[PDB]
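First up is the structure itself, then whatever we jot down about it.
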Amino acid sequence: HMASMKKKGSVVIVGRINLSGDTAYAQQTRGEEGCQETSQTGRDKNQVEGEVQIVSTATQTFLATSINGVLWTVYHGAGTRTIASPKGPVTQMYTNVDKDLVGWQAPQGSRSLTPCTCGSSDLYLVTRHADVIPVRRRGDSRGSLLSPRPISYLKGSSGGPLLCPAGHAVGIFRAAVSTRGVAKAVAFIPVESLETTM
Ligand SMILES: COc1ccc2nc(C)c(O[C@@H]3C[C@H]4C(=O)N[C@]5(C(=O)NS(=O)(=O)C6(C)CC6)C[C@H]5/C=C\CCCCC[C@H](NC(=O)OC5(C)CCC5)C(=O)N4C3)nc2c1
Ligand SMILES: [Zn+2]
């Protein structure tokens, strides 16, 4: 009935991948209860820091990455959802189902990665467990893992960055290519495609 139609909750930042120092590590900033509540109100007063956020909905958890003042993630994680912010839900400023891409204005206090212009094919994928996985670029939107591993290890890291040797953003992790459950390669949204969307 019209009277009882529910609304979907906001995406909520629940932690980050700390890349500040010599050791990458995941930090949780909000537990499940506060996450649930913040998703419904869309009101998140937690201080945001860093480039790579861990985000959650009621049903999924994945990553989101700031590049050029936009917090980017995958459409298959976020759909058309708002993100929680100190003053309430914030509507997406970019949505592209054809690229599996969405973006919101970057939260106050985040830091943005710089788009790569190195042209290097020696990349590094950052996962939600703060693993930094070397990846050889193999095309415009694909790279191979130098050390394959089960897809379990990459699940939940869509929206994370592929970085060049200098720490610039090369793309946003979108999908894993596997054989008998082993991730041999990854697909990503190239940063140029983000820059065109902008
Ligand atoms: C609905 O509207 C849209 C629009 C455009 C979409 N575009 C894509 C490409 C897509 O694909 C889905 C989701 C994605 C995925 O699973 N993404 C990771 C992930 O972590 N997600 S996640 O964070 O857990 C989660 C689900 C958000 C919470 C990185 C994956 C980690 C492990 C793989 C798990 C097994 C799956 C292997 C699979 N492989 C693959 O499809 O390979 C190819 C055929 C595609 C090109 C080659 C794979 O990766 N996916 C399948 N859905 C779309 C949906
Ligand atoms: Zn670079």
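Following the order of the structure tokens, first chain is A, next is B, and so on, with residues numbered from 1 inside each chain and ligands from 1 in the order they appear.
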Excluding residue A:127 and its own-chain neighbours fewer than 5 positions away, which residues fall within 10 Å of it when counting only C-alpha atoms? Please give them as a count of residues only. 21
Do you know which residues are within 6 Å of ligand 1 using only C-alpha atoms and all ligand atoms? Can you write them as number ranges by chain? A: 60-62, 75-77, 97-98, 100, 151, 154-158, 174-177, 187
Shell of 10 Å around ligand 2 (only C-alpha atoms and all ligand atoms), written as a PyMOL selection string: chain A and resi 114-123+163-170
Might you pull out every residue within 12 Å of residue A:146, with only C-alpha atoms counted and same-chain residues fewer than 4 positions away left off, and present them as a ChimeraX atom specification? /A:122-125,132-138,183-186
Selection to disk with C-alpha atoms, as a short mmCIF file (atom, residue, chain, number, x, y, z; two decimals), in the first residue's frame:
```
data_model
loop_
_atom_site.label_atom_id
_atom_site.label_comp_id
_atom_site.auth_asym_id
_atom_site.auth_seq_id
_atom_site.Cartn_x
_atom_site.Cartn_y
_atom_site.Cartn_z
CA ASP A 122 52.67 -1.65 -12.32
CA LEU A 123 49.63 -1.20 -10.07
CA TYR A 124 48.60 -1.89 -6.48
CA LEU A 125 45.08 -2.84 -5.39
CA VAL A 132 48.15 -4.05 -0.91
CA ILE A 133 48.11 -6.49 -3.84
CA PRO A 134 50.44 -5.99 -6.82
CA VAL A 135 48.56 -6.05 -10.12
CA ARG A 136 50.02 -5.80 -13.65
CA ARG A 137 47.84 -3.68 -15.91
CA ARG A 138 46.70 -5.80 -18.90
CA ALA A 183 41.12 -14.58 -8.62
CA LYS A 184 43.62 -14.30 -11.48
CA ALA A 185 42.62 -10.84 -12.71
CA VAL A 186 40.53 -7.79 -11.79
#
```
DSSP on the backbone, alpha helix (DSSP H) only: what residues of chain A does that give? Format it as number ranges by chain. A: 32-41, 75-78, 191-197
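Using only C-alpha atoms, the smallest distance between any of A:68, A:41, A:10, A:178 and residue A:82 comes from A:10.
Using only C-alpha atoms, the nearest neighbour of residue A:66 within the list A:81, A:16, A:43, A:1 is A:16.
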